[PDB]
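Enquirer: Sharing my_file_22.pdb, PDB, C-alpha atoms:
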ATOM      1  CA  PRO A   1      71.198  65.078 122.330  1.00  0.00           C
ATOM      2  CA  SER A   2      69.077  66.813 119.692  1.00  0.00           C
ATOM      3  CA  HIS A   3      66.585  69.625 119.067  1.00  0.00           C
ATOM      4  CA  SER A   4      67.695  71.474 122.175  1.00  0.00           C
ATOM      5  CA  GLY A   5      70.798  73.564 121.706  1.00  0.00           C
ATOM      6  CA  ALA A   6      72.353  76.953 122.332  1.00  0.00           C
ATOM      7  CA  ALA A   7      71.934  79.974 120.081  1.00  0.00           C
ATOM      8  CA  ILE A   8      72.207  83.753 120.179  1.00  0.00           C
ATOM      9  CA  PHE A   9      70.118  86.567 118.730  1.00  0.00           C
ATOM     10  CA  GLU A  10      70.595  90.349 118.775  1.00  0.00           C
ATOM     11  CA  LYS A  11      73.558  89.899 121.114  1.00  0.00           C
ATOM     12  CA  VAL A  12      71.224  87.990 123.444  1.00  0.00           C
ATOM     13  CA  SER A  13      72.110  84.394 124.270  1.00  0.00           C
ATOM     14  CA  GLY A  14      69.643  81.647 125.057  1.00  0.00           C
ATOM     15  CA  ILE A  15      68.699  78.019 124.502  1.00  0.00           C
ATOM     16  CA  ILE A  16      67.095  76.863 121.276  1.00  0.00           C
ATOM     17  CA  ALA A  17      64.664  73.927 121.399  1.00  0.00           C
ATOM     18  CA  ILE A  18      62.519  72.242 118.738  1.00  0.00           C
ATOM     19  CA  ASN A  19      59.042  70.879 119.477  1.00  0.00           C
ATOM     20  CA  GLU A  20      57.747  67.952 117.450  1.00  0.00           C
ATOM     21  CA  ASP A  21      54.872  67.322 119.832  1.00  0.00           C
ATOM     22  CA  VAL A  22      52.504  69.900 118.340  1.00  0.00           C
ATOM     23  CA  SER A  23      51.015  70.029 114.833  1.00  0.00           C
ATOM     24  CA  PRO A  24      53.441  72.665 113.448  1.00  0.00           C
ATOM     25  CA  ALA A  25      56.710  71.289 114.795  1.00  0.00           C
ATOM     26  CA  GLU A  26      58.078  74.578 116.057  1.00  0.00           C
ATOM     27  CA  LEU A  27      61.036  75.690 118.154  1.00  0.00           C
ATOM     28  CA  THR A  28      61.414  78.385 120.768  1.00  0.00           C
ATOM     29  CA  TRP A  29      64.428  80.255 122.025  1.00  0.00           C
ATOM     30  CA  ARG A  30      64.947  81.403 125.619  1.00  0.00           C
ATOM     31  CA  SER A  31      67.681  83.665 126.989  1.00  0.00           C
ATOM     32  CA  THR A  32      69.475  82.901 130.253  1.00  0.00           C
ATOM     33  CA  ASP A  33      70.440  86.414 131.291  1.00  0.00           C
ATOM     34  CA  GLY A  34      68.502  88.414 128.711  1.00  0.00           C
ATOM     35  CA  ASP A  35      65.190  87.383 130.277  1.00  0.00           C
ATOM     36  CA  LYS A  36      63.638  86.861 126.850  1.00  0.00           C
ATOM     37  CA  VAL A  37      62.130  84.042 124.806  1.00  0.00           C
ATOM     38  CA  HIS A  38      61.593  83.849 121.043  1.00  0.00           C
ATOM     39  CA  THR A  39      59.282  81.095 119.782  1.00  0.00           C
ATOM     40  CA  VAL A  40      59.999  80.496 116.100  1.00  0.00           C
ATOM     41  CA  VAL A  41      57.327  78.328 114.517  1.00  0.00           C
ATOM     42  CA  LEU A  42      59.020  76.120 111.943  1.00  0.00           C
ATOM     43  CA  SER A  43      55.593  76.190 110.305  1.00  0.00           C
ATOM     44  CA  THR A  44      55.845  79.871 109.557  1.00  0.00           C
ATOM     45  CA  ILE A  45      59.456  79.114 108.631  1.00  0.00           C
ATOM     46  CA  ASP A  46      60.042  78.018 105.035  1.00  0.00           C
ATOM     47  CA  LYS A  47      63.834  78.318 104.846  1.00  0.00           C
ATOM     48  CA  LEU A  48      66.546  76.778 107.020  1.00  0.00           C
ATOM     49  CA  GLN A  49      70.323  76.881 106.602  1.00  0.00           C
ATOM     50  CA  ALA A  50      73.239  75.868 108.821  1.00  0.00           C
ATOM     51  CA  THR A  51      76.945  76.618 108.417  1.00  0.00           C
ATOM     52  CA  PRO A  52      78.922  73.439 107.528  1.00  0.00           C
ATOM     53  CA  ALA A  53      82.465  72.800 106.196  1.00  0.00           C
ATOM     54  CA  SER A  54      82.560  75.945 104.051  1.00  0.00           C
ATOM     55  CA  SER A  55      81.025  77.811 106.921  1.00  0.00           C
ATOM     56  CA  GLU A  56      82.720  77.062 110.234  1.00  0.00           C
ATOM     57  CA  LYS A  57      80.965  80.100 111.684  1.00  0.00           C
ATOM     58  CA  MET A  58      78.421  77.785 113.369  1.00  0.00           C
ATOM     59  CA  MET A  59      75.124  79.583 112.749  1.00  0.00           C
ATOM     60  CA  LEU A  60      71.547  78.647 111.850  1.00  0.00           C
ATOM     61  CA  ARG A  61      69.340  80.798 109.613  1.00  0.00           C
ATOM     62  CA  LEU A  62      65.575  80.321 109.329  1.00  0.00           C
ATOM     63  CA  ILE A  63      63.246  82.407 107.164  1.00  0.00           C
ATOM     64  CA  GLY A  64      59.502  82.760 107.508  1.00  0.00           C
ATOM     65  CA  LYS A  65      57.269  82.472 104.449  1.00  0.00           C
ATOM     66  CA  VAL A  66      56.696  84.338 101.182  1.00  0.00           C
ATOM     67  CA  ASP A  67      53.476  85.305  99.410  1.00  0.00           C
ATOM     68  CA  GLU A  68      54.022  87.278  96.205  1.00  0.00           C
ATOM     69  CA  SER A  69      50.281  87.002  95.523  1.00  0.00           C
ATOM     70  CA  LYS A  70      49.958  90.142  97.640  1.00  0.00           C
ATOM     71  CA  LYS A  71      52.841  91.927  95.888  1.00  0.00           C
ATOM     72  CA  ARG A  72      52.562  95.452  94.499  1.00  0.00           C
ATOM     73  CA  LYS A  73      53.546  97.043  91.195  1.00  0.00           C
ATOM     74  CA  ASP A  74      55.382 100.351  90.791  1.00  0.00           C
ATOM     75  CA  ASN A  75      56.042 103.311  88.494  1.00  0.00           C
ATOM     76  CA  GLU A  76      58.464 101.038  86.656  1.00  0.00           C
ATOM     77  CA  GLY A  77      55.716  98.496  86.013  1.00  0.00           C
ATOM     78  CA  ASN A  78      57.615  96.130  88.300  1.00  0.00           C
ATOM     79  CA  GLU A  79      56.587  94.186  91.403  1.00  0.00           C
ATOM     80  CA  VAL A  80      57.855  91.679  93.971  1.00  0.00           C
ATOM     81  CA  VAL A  81      56.927  89.620  97.026  1.00  0.00           C
ATOM     82  CA  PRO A  82      56.621  91.678 100.262  1.00  0.00           C
ATOM     83  CA  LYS A  83      59.986  91.608 102.048  1.00  0.00           C
ATOM     84  CA  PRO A  84      59.287  88.933 104.726  1.00  0.00           C
ATOM     85  CA  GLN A  85      61.030  88.658 108.095  1.00  0.00           C
ATOM     86  CA  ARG A  86      64.192  86.547 108.003  1.00  0.00           C
ATOM     87  CA  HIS A  87      66.128  85.425 111.078  1.00  0.00           C
ATOM     88  CA  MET A  88      69.847  84.678 111.340  1.00  0.00           C
ATOM     89  CA  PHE A  89      70.823  82.683 114.421  1.00  0.00           C
ATOM     90  CA  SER A  90      74.473  82.409 115.449  1.00  0.00           C
ATOM     91  CA  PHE A  91      76.122  80.477 118.273  1.00  0.00           C
ATOM     92  CA  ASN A  92      79.671  79.568 119.293  1.00  0.00           C
ATOM     93  CA  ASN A  93      78.994  75.861 118.779  1.00  0.00           C
ATOM     94  CA  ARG A  94      79.654  74.134 115.457  1.00  0.00           C
ATOM     95  CA  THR A  95      78.821  70.683 116.820  1.00  0.00           C
ATOM     96  CA  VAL A  96      75.505  71.712 118.360  1.00  0.00           C
ATOM     97  CA  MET A  97      74.285  73.760 115.388  1.00  0.00           C
ATOM     98  CA  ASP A  98      74.849  70.905 112.932  1.00  0.00           C
ATOM     99  CA  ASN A  99      72.960  68.668 115.362  1.00  0.00           C
ATOM    100  CA  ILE A 100      69.887  70.894 115.651  1.00  0.00           C
ATOM    101  CA  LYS A 101      69.893  72.080 112.030  1.00  0.00           C
ATOM    102  CA  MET A 102      69.833  68.519 110.730  1.00  0.00           C
ATOM    103  CA  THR A 103      66.643  67.867 112.706  1.00  0.00           C
ATOM    104  CA  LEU A 104      64.999  71.250 112.133  1.00  0.00           C
ATOM    105  CA  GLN A 105      66.054  71.483 108.477  1.00  0.00           C
ATOM    106  CA  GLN A 106      64.664  68.118 107.364  1.00  0.00           C
ATOM    107  CA  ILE A 107      61.316  69.208 108.783  1.00  0.00           C
ATOM    108  CA  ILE A 108      61.255  72.061 106.282  1.00  0.00           C
ATOM    109  CA  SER A 109      61.691  69.875 103.234  1.00  0.00           C
ATOM    110  CA  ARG A 110      59.387  67.343 104.879  1.00  0.00           C
ATOM    111  CA  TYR A 111      56.739  69.936 105.729  1.00  0.00           C
ATOM    112  CA  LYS A 112      57.055  71.906 102.485  1.00  0.00           C
ATOM    113  CA  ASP A 113      56.287  68.610 100.753  1.00  0.00           C
ATOM    114  CA  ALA A 114      52.830  68.755 102.341  1.00  0.00           C
ATOM    115  CA  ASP A 115      52.191  72.226 103.761  1.00  0.00           C
TER     116      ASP A 115
ATOM    117  CA  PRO B   1      82.344  99.017 112.950  1.00  0.00           C
ATOM    118  CA  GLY B   2      85.684  97.305 112.401  1.00  0.00           C
ATOM    119  CA  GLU B   3      86.703  94.983 115.227  1.00  0.00           C
ATOM    120  CA  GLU B   4      83.347  93.200 115.390  1.00  0.00           C
ATOM    121  CA  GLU B   5      81.953  89.878 114.166  1.00  0.00           C
ATOM    122  CA  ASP B   6      78.752  87.899 113.617  1.00  0.00           C
ATOM    123  CA  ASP B   7      78.169  90.098 110.566  1.00  0.00           C
ATOM    124  CA  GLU B   8      81.308  90.080 108.423  1.00  0.00           C
ATOM    125  CA  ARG B   9      83.192  86.845 109.111  1.00  0.00           C
ATOM    126  CA  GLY B  10      81.287  84.778 111.625  1.00  0.00           C
ATOM    127  CA  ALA B  11      77.985  85.495 109.883  1.00  0.00           C
ATOM    128  CA  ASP B  12      78.454  85.365 106.103  1.00  0.00           C
ATOM    129  CA  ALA B  13      78.891  81.753 104.941  1.00  0.00           C
ATOM    130  CA  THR B  14      75.446  80.152 105.384  1.00  0.00           C
ATOM    131  CA  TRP B  15      74.256  81.680 102.125  1.00  0.00           C
ATOM    132  CA  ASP B  16      75.598  78.689 100.231  1.00  0.00           C
ATOM    133  CA  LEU B  17      74.704  75.261 101.627  1.00  0.00           C
ATOM    134  CA  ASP B  18      70.909  74.917 101.733  1.00  0.00           C
ATOM    135  CA  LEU B  19      68.111  76.246  99.499  1.00  0.00           C
ATOM    136  CA  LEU B  20      67.372  72.984  97.685  1.00  0.00           C
ATOM    137  CA  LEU B  21      64.604  70.805  99.132  1.00  0.00           C
ATOM    138  CA  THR B  22      60.963  71.502  98.270  1.00  0.00           C
ATOM    139  CA  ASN B  23      60.368  75.224  98.780  1.00  0.00           C
ATOM    140  CA  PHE B  24      59.004  77.819  96.357  1.00  0.00           C
ATOM    141  CA  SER B  25      57.076  75.008  94.665  1.00  0.00           C
ATOM    142  CA  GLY B  26      58.568  73.049  91.782  1.00  0.00           C
ATOM    143  CA  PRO B  27      57.507  69.417  91.139  1.00  0.00           C
TER     144      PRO B  27
END
Using structure tokens, write down the structure from this file.
Expert:
Amino acid sequence: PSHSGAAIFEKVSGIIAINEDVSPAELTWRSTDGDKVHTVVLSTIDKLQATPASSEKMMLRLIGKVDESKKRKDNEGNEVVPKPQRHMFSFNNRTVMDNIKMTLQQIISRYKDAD
Amino acid sequence: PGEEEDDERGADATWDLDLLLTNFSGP
């Protein structure tokens, strides 16, 4: 009744499960008919947002990391962190999402406090 | 596009609920 849930990506449905057995508590996604599996390491993930009250669209969004240290200037003497790789997960379950986001989200704030 | 979703109604409301824990440094 937690961690494991259903989610969809790129029009491909699958099951989303979190793993708190390994060092970097990560989660992997596996499709049922799409014959695909996406392992998203919460470690590499720094951001996590679910859709509550205001957002009844039931969807979980997790972003990787950001390192501006490797940025690059420009003709306008301006720079910025290299556009990372964000991920927006969306399922047709508002109850599930809020159940898996609450467990996967906390880990971010918990990890970020040490990582 | 027009009669689609997951990118106009069912995918545009999670940009205002999180982003406030211990990321991007701070304390």
Enquirer: Taking only C-alpha atoms into account, what are the residues of chain A at most 7 Å from chain B, put as number ranges by chain?
Expert: A: 46, 49-51, 54-55, 57, 109, 112-113
Enquirer: Print the selection's residues with C-alpha atoms to a file, as an mmCIF file, keeping the file's coordinate frame.
Expert:
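Output file out18.cif follows:
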data_model
loop_
_atom_site.group_PDB
_atom_site.id
_atom_site.type_symbol
_atom_site.label_atom_id
_atom_site.label_comp_id
_atom_site.auth_asym_id
_atom_site.auth_seq_id
_atom_site.Cartn_x
_atom_site.Cartn_y
_atom_site.Cartn_z
ATOM 1 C CA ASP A 46 60.042 78.018 105.035
ATOM 2 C CA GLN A 49 70.323 76.881 106.602
ATOM 3 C CA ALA A 50 73.239 75.868 108.821
ATOM 4 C CA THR A 51 76.945 76.618 108.417
ATOM 5 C CA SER A 54 82.560 75.945 104.051
ATOM 6 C CA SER A 55 81.025 77.811 106.921
ATOM 7 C CA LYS A 57 80.965 80.100 111.684
ATOM 8 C CA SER A 109 61.691 69.875 103.234
ATOM 9 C CA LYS A 112 57.055 71.906 102.485
ATOM 10 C CA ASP A 113 56.287 68.610 100.753
#
Enquirer: Go ahead and compute the interatomic distance for CA of residue 42 (chain A) and CA of residue 83 (chain A), in Å to one decimal.
Expert: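 Separation of CA of residue 42 (chain A) and CA of residue 83 (chain A): 18.4 Å.
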Enquirer: Counting all atoms listed in the file, which residue out of A:108, A:6, A:59, A:96 sits closest to residue 45 (chain A)?
Expert: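 Using all atoms listed in the file, residue 45 (chain A) sits closest to A:108.
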Enquirer: Show me, as JSON, numbers by chain, the residues that have an atom within 10 Å of residue 39 (chain A) when counting all atoms listed in the file, minus same-chain residues fewer than 2 positions from it.
Expert: {"A": [16, 17, 18, 26, 27, 28, 29, 30, 37, 41, 42]}
Enquirer: Grab the residues selected above and save them as a PDB file, in the coordinates of the input with C-alpha atoms.
Expert:
ATOM      1  CA  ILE A  16      67.095  76.863 121.276  1.00  0.00           C
ATOM      2  CA  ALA A  17      64.664  73.927 121.399  1.00  0.00           C
ATOM      3  CA  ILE A  18      62.519  72.242 118.738  1.00  0.00           C
ATOM      4  CA  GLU A  26      58.078  74.578 116.057  1.00  0.00           C
ATOM      5  CA  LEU A  27      61.036  75.690 118.154  1.00  0.00           C
ATOM      6  CA  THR A  28      61.414  78.385 120.768  1.00  0.00           C
ATOM      7  CA  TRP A  29      64.428  80.255 122.025  1.00  0.00           C
ATOM      8  CA  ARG A  30      64.947  81.403 125.619  1.00  0.00           C
ATOM      9  CA  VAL A  37      62.130  84.042 124.806  1.00  0.00           C
ATOM     10  CA  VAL A  41      57.327  78.328 114.517  1.00  0.00           C
ATOM     11  CA  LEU A  42      59.020  76.120 111.943  1.00  0.00           C
TER      12      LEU A  42
END
Enquirer: Go ahead and find all residues with at least one atom no further than 12 Å from (51.1, 84.1, 95.2) in the file's coordinates, using all atoms listed in the file; report them as a compact mmCIF listing (two decimals) with C-alpha atoms, in the frame of the given file.
Expert:
# COMPACT_ATOMS: atom_id res chain seq x y z
CA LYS A 65 57.27 82.47 104.45
CA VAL A 66 56.70 84.34 101.18
CA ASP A 67 53.48 85.30 99.41
CA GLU A 68 54.02 87.28 96.20
CA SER A 69 50.28 87.00 95.52
CA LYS A 70 49.96 90.14 97.64
CA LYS A 71 52.84 91.93 95.89
CA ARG A 72 52.56 95.45 94.50
CA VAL A 80 57.86 91.68 93.97
CA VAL A 81 56.93 89.62 97.03
CA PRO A 82 56.62 91.68 100.26
CA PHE B 24 59.00 77.82 96.36
CA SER B 25 57.08 75.01 94.66
Enquirer: Neighbours of residue 100 (chain A) within 8 Å (all atoms listed in the file; same-chain residues fewer than 4 positions away dropped), as an MDAnalysis selection string?
Expert: chainID A and resid 2:5 96 104
Enquirer: Mind giving me the straight-line distance from CA of residue 62 (chain A) to CA of residue 87 (chain A) in Å, one decimal?
Expert: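 Computing the Euclidean distance for CA of residue 62 (chain A) and CA of residue 87 (chain A) yields 5.4 Å.
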Enquirer: How many Å lie between CA of residue 20 (chain A) and CA of residue 89 (chain A), rounded to one decimal?
Expert: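 Answer for the CA of residue 20 (chain A) to CA of residue 89 (chain A) separation: 19.9 Å.
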Enquirer: Could you check the closest approach to residue 58 (chain A) for each of A:7, A:93, A:107, A:115 and tell me which residue wins, using only C-alpha atoms?
Expert: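 Selected residue with least distance to residue 58 (chain A): A:93.
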Enquirer: Using only C-alpha atoms, which residue out of A:56, A:90, A:78, A:35 lies closest to residue 11 (chain A)?
Expert: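 Nearest candidate to residue 11 (chain A) out of A:56, A:90, A:78, A:35: A:90.
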Enquirer: Kindly write region 75-102 of chain A with N, CA and C atoms to a file, as a compact mmCIF listing (two decimals), in the first residue's frame.
Expert:
# COMPACT_ATOMS: atom_id res chain seq x y z
N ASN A 75 27.30 35.68 -26.00
CA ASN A 75 27.60 36.98 -26.58
C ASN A 75 27.02 38.11 -25.73
N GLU A 76 25.98 37.80 -24.98
CA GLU A 76 25.34 38.78 -24.12
C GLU A 76 25.92 38.76 -22.71
N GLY A 77 27.11 38.18 -22.57
CA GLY A 77 27.76 38.11 -21.27
C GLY A 77 26.88 37.45 -20.23
N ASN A 78 25.98 36.58 -20.67
CA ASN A 78 25.08 35.88 -19.76
C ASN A 78 25.34 34.38 -19.79
N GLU A 79 24.92 33.69 -18.72
CA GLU A 79 25.11 32.25 -18.62
C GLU A 79 23.95 31.61 -17.86
N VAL A 80 24.00 30.29 -17.70
CA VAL A 80 22.96 29.57 -16.99
C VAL A 80 23.27 28.08 -16.91
N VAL A 81 22.68 27.41 -15.92
CA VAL A 81 22.88 25.98 -15.73
C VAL A 81 22.39 25.19 -16.94
N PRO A 82 23.15 24.18 -17.38
CA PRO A 82 22.77 23.35 -18.53
C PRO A 82 21.40 22.71 -18.35
N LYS A 83 20.49 23.02 -19.27
CA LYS A 83 19.13 22.49 -19.22
C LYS A 83 19.13 20.98 -18.94
N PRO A 84 18.85 20.58 -17.68
CA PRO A 84 18.82 19.17 -17.29
C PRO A 84 17.73 18.39 -18.01
N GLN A 85 17.40 17.22 -17.47
CA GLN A 85 16.37 16.37 -18.06
C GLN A 85 15.24 16.11 -17.06
N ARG A 86 14.17 16.89 -17.17
CA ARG A 86 13.03 16.75 -16.28
C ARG A 86 12.11 15.62 -16.75
N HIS A 87 11.25 15.15 -15.85
CA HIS A 87 10.32 14.08 -16.17
C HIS A 87 8.97 14.32 -15.52
N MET A 88 7.92 14.36 -16.34
CA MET A 88 6.57 14.58 -15.84
C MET A 88 5.74 13.31 -15.97
N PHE A 89 5.46 12.68 -14.83
CA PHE A 89 4.66 11.46 -14.82
C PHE A 89 3.19 11.78 -14.57
N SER A 90 2.31 11.09 -15.28
CA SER A 90 0.88 11.33 -15.14
C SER A 90 0.07 10.05 -15.21
N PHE A 91 -0.76 9.82 -14.20
CA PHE A 91 -1.61 8.64 -14.16
C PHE A 91 -3.06 9.04 -13.92
N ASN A 92 -3.97 8.08 -14.06
CA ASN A 92 -5.39 8.35 -13.86
C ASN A 92 -5.82 8.01 -12.44
N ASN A 93 -4.88 8.09 -11.50
CA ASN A 93 -5.17 7.79 -10.11
C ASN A 93 -4.69 8.91 -9.19
N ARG A 94 -5.65 9.59 -8.55
CA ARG A 94 -5.33 10.68 -7.63
C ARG A 94 -5.00 10.15 -6.24
N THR A 95 -5.57 9.00 -5.90
CA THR A 95 -5.33 8.38 -4.60
C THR A 95 -3.94 7.75 -4.56
N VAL A 96 -3.61 7.01 -5.61
CA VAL A 96 -2.32 6.35 -5.71
C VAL A 96 -1.19 7.37 -5.71
N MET A 97 -1.22 8.29 -6.67
CA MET A 97 -0.19 9.32 -6.79
C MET A 97 0.16 9.95 -5.45
N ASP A 98 -0.84 10.46 -4.75
CA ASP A 98 -0.62 11.10 -3.45
C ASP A 98 -0.01 10.14 -2.44
N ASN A 99 -0.18 8.84 -2.68
CA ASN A 99 0.35 7.83 -1.78
C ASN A 99 1.82 7.55 -2.06
N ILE A 100 2.20 7.58 -3.34
CA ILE A 100 3.57 7.31 -3.73
C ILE A 100 4.44 8.58 -3.69
N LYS A 101 3.82 9.73 -3.92
CA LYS A 101 4.53 11.00 -3.92
C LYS A 101 4.96 11.37 -2.51
N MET A 102 4.09 11.07 -1.55
CA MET A 102 4.35 11.37 -0.15
C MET A 102 5.56 10.59 0.37
